[PDB]
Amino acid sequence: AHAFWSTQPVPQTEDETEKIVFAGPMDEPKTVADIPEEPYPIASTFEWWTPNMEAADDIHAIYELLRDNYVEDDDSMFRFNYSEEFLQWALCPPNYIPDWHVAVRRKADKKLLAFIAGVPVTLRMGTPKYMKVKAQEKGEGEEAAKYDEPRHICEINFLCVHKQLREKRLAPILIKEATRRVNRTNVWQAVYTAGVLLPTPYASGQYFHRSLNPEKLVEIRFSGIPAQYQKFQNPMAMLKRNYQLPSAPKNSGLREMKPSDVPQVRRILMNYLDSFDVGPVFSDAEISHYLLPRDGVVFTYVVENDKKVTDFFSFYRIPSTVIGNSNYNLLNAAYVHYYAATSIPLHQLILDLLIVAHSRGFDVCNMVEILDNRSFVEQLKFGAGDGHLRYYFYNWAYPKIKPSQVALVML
């Protein structure tokens, strides 16, 4: 039994989810007028805070909370170390609602103890294609197509309770209050990902890794030398040789994205994403924001030939604190962001991703098996990890789909 999630407009079981045929809301339809205007009650030693995201010092406080209390691997070897410039980038996209950033502070000292954030996103989340088929088959098309239009919803992320406050039922309260602030602005759906199993995922994809610096990865125990490498004189030599990469990209035509590129990238990106059942729709401003290069944060390259952007790829940076080594403070990880290829094979576009990432000193390239990410796994030498990233909707009945039907990257 889930004493909190049992009370919420989400499907409660797998056998419920594997049964839903059409997209649509779970809940009673409500109105902003229905929604309490007062923040949810919390204990008197605490207060609600709305951090200002254009203030270095609020940003810093959130940074400090996540640096010390955000996601850890299960072995307590690594913890995410999202930088401050990263957090402002992710929390302040175009038309962000400050009010959707929810913080709990100790009244006395104003020590930050909990956080959750929401950001707007325009998401295509109607009935998946295979299920539109079975609908036509059955004369049920109009019902299946009812919620096809892109919805302006909320993207939830960065939920985090201080280590000292764990298992005190605080996280439900943060979620109820975030829900409140979002329902207040006439939004009734949310989307979120988590490494854990909650009721109830609509897709689930394995994690994948590609060693850029195998010596460090073994030293910090991110990676092991596989038994098959012992049959060699010099295990680390063979490993290193095995993952080596060219020093410069292979595609002539390749450079960083510039502002003048935005409409072409938007265009090639949307054509690509539109073939997925679940995926975002981006304005010019959203493409500028989520893809223009920003130092230490997001790195984006286009293939231009004949003054035409035929292809682009993007990645972003999240260091993890190495918790249990002493020699290395940090794992320097590149995450495959969005991309599109029209003129060249995808494995060929992404090789140049590895090449750049490695040349800029990243230790590893990470990804989930969404988009067409599966298409380059073997030839670029990615390995599956032990994670599962799960994708969820709040207040939205949706069929179980394959992770390769998802085109939403969550930071």
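Start at 1 and count along the sequence shown; that's the residue number. Under this definition, the rigid core comprises the largest set of C-alpha atoms superposing within 1.5 Å between the forms.
Participant: Looking at C-alpha RMS in 9 other deposited structures of this protein with the core superposed, is it 231 to 239 or 323 to 331 that drifts more?
Facilitator: The more displaced stretch in 9 other deposited structures of this protein turns out to be 323 to 331.
Participant: Compare 251 to 259 with 222 to 230 and report which one shows the larger root mean square C-alpha deviation from this form in 9 other deposited structures of this protein once the rigid core is superposed.
Facilitator: Of the two stretches, the larger average C-alpha offset in 9 other deposited structures of this protein falls on 222 to 230.
Participant: Can you let me know which of the two, 336 to 344 or 304 to 312, has the higher average C-alpha B-factor in the entry?
Facilitator: The stretch with the larger average C-alpha B-factor is 304 to 312.
Participant: May I ask you to compare 38 to 46 and 380 to 388 by their mean CA B factor in the entry and name the higher one?
Facilitator: Taking the mean B-factor of the alpha carbons in each, 38 to 46 is higher.
Participant: Tell me which of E177, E143, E155, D261 tops the list for C-alpha B factor in the record.
Facilitator: Comparing C-alpha B-factors across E177, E143, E155, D261, the maximum falls on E143.
Participant: Going by the entry, which of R124, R266, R221, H209 has the most elevated CA B factor?
Facilitator: Checking the PDB record, the top C-alpha B-factor among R124, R266, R221, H209 is at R221.
Participant: Compare the C-alpha B factor of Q136 with those of the other modelled residues in its chain, then answer lowest, middle or highest third.
Facilitator: Within its chain, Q136 is a highest-third residue by C-alpha B-factor, going by the deposited values.
Participant: By the recorded C-alpha temperature factor, relative to the other modelled residues in its chain, which third is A1 in?
Facilitator: Top third by C-alpha B-factor.
Participant: Lowest, middle or highest third of the chain for the C-alpha temperature factor of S83?
Facilitator: Lowest third of the chain for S83's C-alpha B-factor.
Participant: Comparing against every modelled residue in the chain, figure out the third that the C-alpha B-factor of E28 lands in (lowest, middle or highest).
Facilitator: Its C-alpha B-factor, which the entry lists for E28, ranks in the highest third among residues of this chain.
Participant: Using only modelled residues of the chain, where does the Cα B factor of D274 rank: lowest third, middle third or highest third?
Facilitator: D274: CA B-factor falls in the middle third of its chain.
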